[PDB]
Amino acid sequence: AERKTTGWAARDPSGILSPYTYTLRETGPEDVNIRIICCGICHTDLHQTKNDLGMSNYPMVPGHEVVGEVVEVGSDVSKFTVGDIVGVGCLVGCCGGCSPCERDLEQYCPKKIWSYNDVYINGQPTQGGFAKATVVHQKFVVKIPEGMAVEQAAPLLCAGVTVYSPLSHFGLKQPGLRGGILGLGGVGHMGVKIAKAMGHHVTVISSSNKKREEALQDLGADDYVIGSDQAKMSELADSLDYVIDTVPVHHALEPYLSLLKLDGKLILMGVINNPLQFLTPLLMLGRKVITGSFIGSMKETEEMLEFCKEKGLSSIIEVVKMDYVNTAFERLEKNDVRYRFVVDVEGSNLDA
């Protein structure tokens, strides 16, 4: 009992998204009721949607990069008022007293609910951003800058911040630094963008030679080297201050750790089921660090956006309507996209 929406949704293993109508919760007293103007896609949306864990809980509505005007607000809600273009991240909830989120790192809290494939504090499966509206916690929605486009603010709610708060916690956003972005796409792309926008010497590393166009002449990278090329990578001996990782599966790390000078950082992002490996020696050569980052806290989701505003950042997004999502996903598998996708839920949703 809340108020009824509609919205596209998967149902079995092979993620074919049907239409789907469902009863929301109600916006009280710390909920924000939003009308979703545009959502967005990335590989997280397929990998939930397919299982790729053997964990997917159907009926499943994808959508964690959302942006759109707020139609209703709580009783204690104060921050936002109606009619604000507001956006919301991956997280929808979390508890309240665990000191992980006394000091604002609320993503590193055990009791976090996600946008979809979770179960909220009331019981309803959290359903995504592929539905023409939703109800979030007022603590898990960030407001939006004056001029930041609704297509442009969306990807940054998960891939834009994913990479920002590594380049913020490990020291890295004070200027100068050399960095090598490994795996140019999604999470690689915003890496190149925000690190080179911080006045850093960014090198792209790659499986292929192919993403050379969307790097040197499009992203603004200072170099491009193949991971599997020993002679060009050896020139980059103890070069970079950090190396980030968008590569999605079991790759060997000591290749990628060579490219690091004294006190360098390997910051792994991707969900890599299977243990990764290292020689305790190399790390002892240069006092080198291996760690992983998980998206961003809302204060740095607040920050990242107003940062992407000031240093005016962008990406080529192919805005598609809602009746083109499974074709957008097949294209996302043949990784065509046109550097990014945004689903503007200003299309096909009505009933059933």
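Counting begins at 1, following the sequence as shown.
**Q** Compare the mean C-alpha B-factor of 272 to 280 with that of 125 to 133 as given in the PDB entry, and name the stretch with the higher value.
**A** Comparing 272 to 280 with 125 to 133, the higher mean C-alpha B-factor belongs to 272 to 280.
**Q** Check the entry's C-alpha temperature factors for 190 to 198 and 217 to 225, then say which stretch has the higher mean.
**A** Result of the comparison: 217 to 225.
**Q** Please work out which residue in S314, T301, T49, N33 has the highest C-alpha B-factor recorded for this crystal structure.
**A** By C-alpha B-factor in the record, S314 ranks first.
**Q** Have a look at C101, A154, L240, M148 and flag the one whose Cα has the highest B-factor in the entry.
**A** That would be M148, according to the entry.
**Q** Ranking the modelled residues of this chain by C-alpha B-factor as given in the entry, is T44 in the lowest, middle or highest third?
**A** Middle third - that is where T44 ends up once the chain's C-alpha B-factors are sorted.
**Q** Using the B-factor values recorded in the entry, state whether the Cα atom of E235 falls in the lowest, middle or highest third among the modelled residues of its chain.
**A** Its C-alpha B-factor, which the entry lists for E235, ranks in the highest third among residues of this chain.
**Q** Among all modelled residues of this chain, ranked by Cα B factor, put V342 in the bottom, middle or top third, i.e. lowest, middle or highest.
**A** As the PDB entry reports it, the C-alpha B-factor of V342 lands in the lowest third of its chain.
**Q** Going by what the PDB entry lists, where does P175 fall on CA B-factor within its chain: lowest, middle or highest third?
**A** Tercile = highest for this residue's CA B-factor.
**Q** Compared with the other modelled residues in the chain, in which third is the CA B-factor of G74?
**A** Its C-alpha B-factor belongs to the highest third of this chain's values.
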